[PDB]
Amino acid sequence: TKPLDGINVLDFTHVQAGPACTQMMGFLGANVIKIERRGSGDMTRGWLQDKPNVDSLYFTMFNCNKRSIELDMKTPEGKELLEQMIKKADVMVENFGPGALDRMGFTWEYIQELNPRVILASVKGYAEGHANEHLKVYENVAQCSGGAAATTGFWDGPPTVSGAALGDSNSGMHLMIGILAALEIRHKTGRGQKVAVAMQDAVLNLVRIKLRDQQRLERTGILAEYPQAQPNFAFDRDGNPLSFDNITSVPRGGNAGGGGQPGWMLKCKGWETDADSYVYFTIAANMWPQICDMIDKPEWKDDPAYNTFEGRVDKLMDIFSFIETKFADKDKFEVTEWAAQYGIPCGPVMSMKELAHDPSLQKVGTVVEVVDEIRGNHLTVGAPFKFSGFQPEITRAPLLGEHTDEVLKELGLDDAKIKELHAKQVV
């Protein structure tokens, strides 16, 4: 009915990486109890707010399907409460930076003694045992540490950060694989495990195709399909030409295909006026004829300077310029619909405005209107996994300490034991 119904998650996480993971577990039915610092709670609450003294969108789009309890974990009575909650939890999730939980008294070793069944899941910057184990890491630092930044953007520009959250949310989703894997192993052992994802490794996993390319480069000295391998196409900022004579580490390739077969980002009508008025167009080698028909170049079906991967390298960027020319007069949608007639893989650059209001994404539950009576409704990204046997029921993100008392009742605490704790500045 819902894969994580009845899994309870003691969630210590803050910001993006850890909360993204617990939220998505929440969307699959887990009972996520989020533990927050007394007074402020999760930073994201006060970051980039749109209305004052209202939880930010940063917070709400990463914290639906959870309850909040405030807790000072430095206090004798808070540690006592934690022990009870650990005994009821299936997974504890944390992204606190190294040794921190151990310093609260909750080493993996003691946790095992409190609940041999509980899984301990962590996000960190670097793996345990890495020389950089101790370094401090946010989204873009991890994109840098993991290879994305070096391999993204252009040959004549800097390393470029990706808009997508290659380091926070992607670590989050990786962690969520770890957690589920550990739940799968517990069915056979009766025991919990420790599991950790490092932002660098999560990034690296997504840039695995670039570690393909580094080895290709080391062994052959060239990467035929990169723009720098087309003679006198690519120039550094001083007008000097670029080739694989000089390159010993995988370079930026602009809008080249990557793991996609050859491709490029082509202008559509209005690109001067509209930043996102562009398609991506792919030359699959198996599609050469189809493409010649579309662009009205029958002469290129048989010329061997044009009809194999190999002949095409001499000229790839000239081909792409010539295709661009046909799109000169059509918006990205006309171009995608035209391309689709030929089966060619080609699609528009969707702007975020287009995405936030697309009827298709709301039909399938991928953009979702969350009903929030307190802060006002708001959009969010649902579950990118679709299942035959159930639908996520997303509900609004918790207010600070909203559920503190309700959670203490589920633990078995009389109403005056709760009164004590508020006054003691534990909760």
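All residue numbers refer to positions in the sequence shown, first residue = 1.
Worksheet entry | Stretch with the higher entry mean CA B-factor, where the candidates are 380-388 and 30-38 | It is 30-38.
Worksheet entry | Average Cα temperature factor in the PDB entry - higher stretch of 311-319, 109-117 | Mean CA B-factor is higher for 311-319.
Worksheet item: Based on the PDB record, which member of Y280, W155, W288, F333 exhibits the highest Cα temperature factor?
Response: Checking the PDB record, the top C-alpha B-factor among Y280, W155, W288, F333 is at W288.
Practice prompt. Using the entry's values, work out which of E184, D168, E128, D72 has the largest Cα B factor.
Written response: Of the candidates given, the C-alpha B-factor peaks at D72.
Worksheet item: Based on the entry's values, in what third of the chain does the Cα temperature factor of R216 lie: lowest, middle or highest?
Response: Lowest third of the chain for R216's C-alpha B-factor.
Worksheet item: Split the chain's modelled residues into thirds by Cα B-factor; is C292 in the lowest, middle or highest one?
Response: As the PDB entry reports it, the C-alpha B-factor of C292 lands in the highest third of its chain.
Worksheet item: For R208, does the deposited CA B-factor place it in the lowest, middle or highest third of the chain?
Response: Answer is lowest: the recorded C-alpha B-factor places it there.
Item to complete: Give the position of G343 by CA B-factor within its chain, expressed as the lowest, middle or highest third.
Response: Its C-alpha B-factor belongs to the middle third of this chain's values.
Worksheet item: Looking at the C-alpha B-factor of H357, is it in the lowest, middle or highest third of its chain?
Response: For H357, whose C-alpha B-factor we compare with every modelled residue in the chain, the answer is the middle third.
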